[PDB]
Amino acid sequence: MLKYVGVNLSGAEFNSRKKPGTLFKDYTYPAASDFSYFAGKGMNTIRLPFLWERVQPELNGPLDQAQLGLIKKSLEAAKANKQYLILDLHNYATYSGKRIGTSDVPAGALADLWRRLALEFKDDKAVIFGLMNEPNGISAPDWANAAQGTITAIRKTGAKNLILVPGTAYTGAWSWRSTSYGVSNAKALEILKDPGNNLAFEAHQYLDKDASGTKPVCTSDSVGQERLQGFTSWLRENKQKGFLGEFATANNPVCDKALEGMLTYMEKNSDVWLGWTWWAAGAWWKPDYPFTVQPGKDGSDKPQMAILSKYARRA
């Protein structure tokens, strides 16, 4: 019933204001063996963060061929392992520190970026378009307009690929219907239309006190279920689909119970949830990073992988 199960391979988005930055110093792409390791654990989906500034060094300008080539190489590794690849434009609705909607970064600039990416990847069935990582500092209606422009631009190319569209406010599932941040994502995104009818709403969910994923605590053993429900019911009412683009839990008993509960929840609600990608793996996490599922140099599995693999293989 769940279609996509996997992990974020983090690295290409590192050092986000070094432009272009230096490959293997400031940022990296995943090794081919990362893809095969996760496929071996039952994961059919890789979310691949990369930077808008690196793939398109001038707004409205040509794609950088070197950076594009790195993305295409990751796509070849995904395909070799029968994995889908989510292209995650990992930019927080900013380009070079400037927010979409400023005169410096018009919403049309994002549409042009995605037009170009769609022209490149429209004939790759493995490719999923992750429009923007965690938009914030832009109102939900303003973001919805930018998202609509981007969806329209992609479909004008002929691309039939799945599009993952986030809300603003860091696209938290828990806050989907809230007004802490202005008009709500629920209200603002009800108007979106996809002429290709292949859209899902990307939400992220962390389980610490403020849902920021900055502390290795899960507030309770069932907080995942509680925090997803508002979003799940919104999907079901509106006949839409969702994708849990990021989530994580630390290596402790309460978090393990919360992880089991949340992954079971997504099975039970697979009529609306398409799947999930854990944050994160990739070779550049430090040993104290609480959410890494990158295998050790010794080849050993990280603690959370025992649970993730069980659910991934079940899908």
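Note that residue numbering follows the sequence shown and begins at 1.
Between the stretches 225-233 and 93-101, it is 93-101 that shows the larger average CA temperature factor. Mean CA B-factor, 246-254 versus 24-32: the higher value falls on 24-32. Taking the deposited Cα B-factors for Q294, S10, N15, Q304, the highest one is held by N15.
Comparing the C-alpha B-factors of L131, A188, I128, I71 in the entry, the top value falls on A188. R47: CA B factor lies in the lowest third for its chain, per the PDB record. Placement of the Cα temperature factor of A312 within the chain: middle third of the modelled residues, per the deposited record.
Split the chain's modelled residues into thirds by C-alpha temperature factor. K215 is in the highest one. In the deposited entry, the Cα temperature factor of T264 sits in the middle third of values across the chain's modelled residues. In the deposited entry, the Cα temperature factor of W273 sits in the middle third of values across the chain's modelled residues.
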